[PDB]
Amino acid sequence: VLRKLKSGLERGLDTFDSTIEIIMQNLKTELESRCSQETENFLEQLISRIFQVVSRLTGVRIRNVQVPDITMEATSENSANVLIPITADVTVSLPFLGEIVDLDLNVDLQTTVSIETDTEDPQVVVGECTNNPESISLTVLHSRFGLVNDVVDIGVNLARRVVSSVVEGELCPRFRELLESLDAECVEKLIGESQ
């Protein structure tokens, strides 16, 4: 079941792997130097370690995590969308059957950052990080049971449920936390550059 994943996500998956918090602290530091491929590589490690815990709790094993490029798209002079594209390989295993499907995973995480207008002491507002099912894409690559066998659709739906739970419980919260660690002057500097 997803019972073990539910409890793990309630505790926090970093309770299963103390190096997650260390990678988080490395990311915060690296980010403070934007305004003064390392960040992407820390994010790959972060996301990798998170999904490594998930593999211990579930049959959904996500690895080969790549983050090609973090980008910022200005939506005004005072706000921008921050995009984190994620790709990964997924293998779903079930009891007795072993490996039932191999999938290509694409997840696009997006969060807005905004700077208050009409002051020289501008506060920063990090917007919500939304777990839109359209942001999660799974492509069937292989199944030793046959590509059109019913077990494939079971594997796909199980992987989407797992990824969606992990995005809501871990990735989006950490994304917001990282952006909230940036300096007001830094976010200001970044939003302007994205126009």
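Numbering starts at 1 and follows the sequence shown.
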{"item": "Missing from the model but present in the deposited sequence, between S36 and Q37", "value": "4 to 9"}
{"item": "Stretch with the greater mean C-alpha B-factor as recorded in the entry, comparing 104-112 against 73-81", "value": "73-81"}
{"item": "Between the two ranges 45-53 and 142-150, the one averaging a larger CA B factor in the entry", "value": "142-150"}
{"item": "Out of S137, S164, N64, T29, residue topping the C-alpha B-factor column of the entry", "value": "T29"}
{"item": "Identity of residue with top Cα B-factor, from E185, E10, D14, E177", "value": "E185"}
{"item": "Entry-reported Cα temperature factor of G59, expressed as the chain third it lands in", "value": "middle"}
{"item": "Third of the chain, ranked by Cα B-factor, where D118 sits", "value": "highest"}
{"item": "Chain-wide C-alpha B factor ranking for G169, given as lowest, middle or highest third", "value": "lowest"}
{"item": "Third of chain Cα B-factors occupied by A88", "value": "lowest"}
